[PDB]
Amino acid sequence: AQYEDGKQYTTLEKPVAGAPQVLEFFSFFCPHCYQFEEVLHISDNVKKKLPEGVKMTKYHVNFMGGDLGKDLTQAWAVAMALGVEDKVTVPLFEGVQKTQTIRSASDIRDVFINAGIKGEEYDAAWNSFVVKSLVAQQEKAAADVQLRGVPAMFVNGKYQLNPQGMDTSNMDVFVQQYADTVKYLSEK
């Protein structure tokens, strides 16, 4: 066939019930994730090809960057709760990986303040039980699929994108192939 298990995607031999339809995992410590976000705009190009009615979910993971990695997962929970994902994603990536000016929770907090989220509002979110369950969800979703690497994408809790198996000669072509694959998997 044109799309084959083990080529553009793999199948979970233990499928995850009730899973979000398009589920993406990343870490701000993750170098390919930086590329995926900044250079390739993967999430965005997948969205453009996804069907009517499909919701896209993106979660942070703990297994990179130790103590700061966990701070970052809670911070992404704050971002999701406040709906400010689109204002902190880039400065968080560049702060961790480009300028290396993020070294503590307080530095993560600075990024939000600079993006215009108010101190009171950030700190209140940070400490809220709604953010606690949001953290809980990110971990559960990762736990459910045995996740040990990022960037990672899952479709309807049964298929896992396999970017290793796509041509990287051309960045644009890699992205479309990636997005079309999510679409194919989506319609499956």
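Cut-offs applied
- Each residue takes a number counted from 1 along its chain in the order the sequence is written, a numbering that need not match the entry; residues with no coordinates do not appear.
- The side-chain values count all of the structure's non-hydrogen atoms but skip hydrogen atoms and water molecules.
- Pairing of aromatic rings covers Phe, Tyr and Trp, the last through its six-membered ring, and needs centres within 6.5 Å; plane angles under 30 degrees mean stacked, over 60 mean edge-to-face, and all others mean tilted.
- Helix numbering and strand numbering both begin at the N terminus, where a helix is a DSSP run of H or I of at least 4 residues and a strand a DSSP run of E of at least 2.
- A 1.4 Å probe rolled over the protein chains alone gives each residue an accessible area, and that area as a share of the maximum for its type sets the label: buried under 20%, exposed over 50%, partly exposed in between.
- We call two residues in contact when some of their heavy atoms are within 4.5 Å.
- By the convention used here, strands pair only if DSSP detects at least 2 bridges between them.
- Lines fitted to C-alpha atoms define the axes here, with helix axes fitted over just the stretch in contact, and angles between the N-to-C directions of these axes take values from 0 to 180 degrees.
- Disulfide: a pair of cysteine sulfur atoms within 2.5 Å of each other.
- Taken from the helix axis, the directions to the C-beta atoms give the arc we talk about.

Method-wise, the PDB entry is recorded as coming from X-ray crystallography, at a reported resolution of 2.1380 Å.

Draft legend 1. Looking closely at the packing of aromatic side chains. If you walk through the whole model with that rule in mind, you get 16 aromatic pairs. Consider the rings of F112 and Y122, whose centres lie 4.7 Å apart with planes at 55 degrees: the pair is tilted. Within this pair, whereas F112 is found in helix α5 (residues 105–114), its partner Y122 is found in helix α6 (residues 119–126), the two being separated by ten residues in sequence. For the pair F112 and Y122, one class covers both residues: buried.

Draft legend 2. Examining helix α2 (residues 42–49) more closely. Where α2 is concerned, the buried positions are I42, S43, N45 and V46. Buried residues along α2 sit against β2 (22–26), α1 (31–39), β3 (56–60), β4 (152–155) and α8 (171–186).

Draft legend 3. Local environment of the side chain of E38. Topologically, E38 is positioned in helix α1. In this view, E38 contacts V90 and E94; residues no more than four positions away in its chain are not counted.

Draft legend 4. Summary view of the sheet that holds strand β1 (residues 9–11). If you trace the five strands from one edge of the open sheet to the other, you get β1-β5-β4-β2-β3, paired in mixed fashion. Looking at the sheet topology across the chains shown, the edges are occupied by β1 and β3. In this sheet, adjacent strand axes meet at a mean angle of 25 degrees when their direction is disregarded. Inspection of the sheet shows β4 paired to strand β5 (residues 159–161) by two bridges, in the antiparallel sense. Bridging across to β5, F154 finds its partner in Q160.

Draft legend 5. Region of the structure containing the state of the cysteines. This model, assessed by the stated rule, comprises one disulfide. A disulfide bridge connects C30 with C33, and the sulfur atoms are separated by 2.1 Å. The sign of the 75 degrees torsion about the S-S bond sets the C30-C33 disulfide as right-handed. Its relative accessible area of 2% is what places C30 among the buried residues.

Draft legend 6. Quick look at the environment of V84. Of note, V84 is situated in the loop between α3 (66–82) and α4 (85–98). For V84 and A136, which are 52 residues apart along the polypeptide, the C-alpha to C-alpha distance reads 19 Å. Not counting residues up to four positions away in its chain, the partners in contact with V84 are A79, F112 and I117.

Draft legend 7. View of α6. For α6, the set of buried residues is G119, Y122, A125 and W126. Across the axial projection of α6, the buried residues extend over an arc of 140 degrees, all falling on one side. Residues of α6 that are buried make contact with α3, α5 and α7 (129–144).

Draft legend 8. Structural detail: the pairing of β2. Within β2, five of the five residues are buried, which leaves it mostly tucked inside the rest of the structure. Every second residue of β2 is oriented toward a common face, with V22, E24 and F26 on one face and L23 and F25 on the other, all of them buried. One ladder, built from four bridges, connects β2 with β4; its direction is antiparallel. By the bridge assignment for β4, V22 is matched with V155.

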